[PDB]
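The numbers here are math on the coordinates, done by the rules we state, and not lab data. As a convention, Cβ positions derive from the backbone with ideal geometry for all residues, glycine included, and neighbour counts pool all protein chains shown.
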Amino acid sequence: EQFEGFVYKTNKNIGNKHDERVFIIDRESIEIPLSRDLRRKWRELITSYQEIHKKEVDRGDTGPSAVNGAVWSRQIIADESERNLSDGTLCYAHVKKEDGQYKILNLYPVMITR
RNA sequence: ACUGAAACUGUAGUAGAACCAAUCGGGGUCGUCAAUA
């Protein structure tokens, strides 16, 4: 196939990680209204990521002490710009279909998330 | 078309009586952390 897309590169944030993922825009697409409830939940989840590791990062660890061969996942070392869901940011969205509606429950920065 | 003189703003009076630097708190203890293949 041929596609066009965005590379949703995060870092090598776990030891078994081989690949980044890239979002294929050339093909089928759907959109949902972005609620202010999602905006706060994003800010709040990312705050946790950034806040919880602040001390490990500032003493200069390059990755979690509990997983060798890995480096800070992109969102946890990112600037506070990441903490605001500004236009064109890339996310994973946790979704279900209900009543034929693509309900979005949360926005999450990584496939398996905090 | 003769300046009045002489005369302590002084004497007596406690910035004091009452008032708690005090009330609460085991030097204690378990699961998290990272995301993909």
Within the range A:74-89, take every residue that is surrounded by 13 or more Cβ atoms within 10 Å (Cβ to Cβ) and not acidic (D, E) and give me the one that is farthest from RNA strand B (Cβ to nearest atom).
A:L85
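Would you confirm whether or not the range A:22-43 contains a residue that is within 10 Å of RNA strand B (Cβ to nearest atom) and surrounded by 12 or more Cβ atoms within 10 Å (Cβ to Cβ)? Please lay out each step first, then the result.
Going residue by residue through the range A:22-43, those that are within 10 Å of RNA strand B (Cβ to nearest atom) are none.
No, the range A:22-43 contains no residue that is within 10 Å of RNA strand B (Cβ to nearest atom) and surrounded by 12 or more Cβ atoms within 10 Å (Cβ to Cβ).
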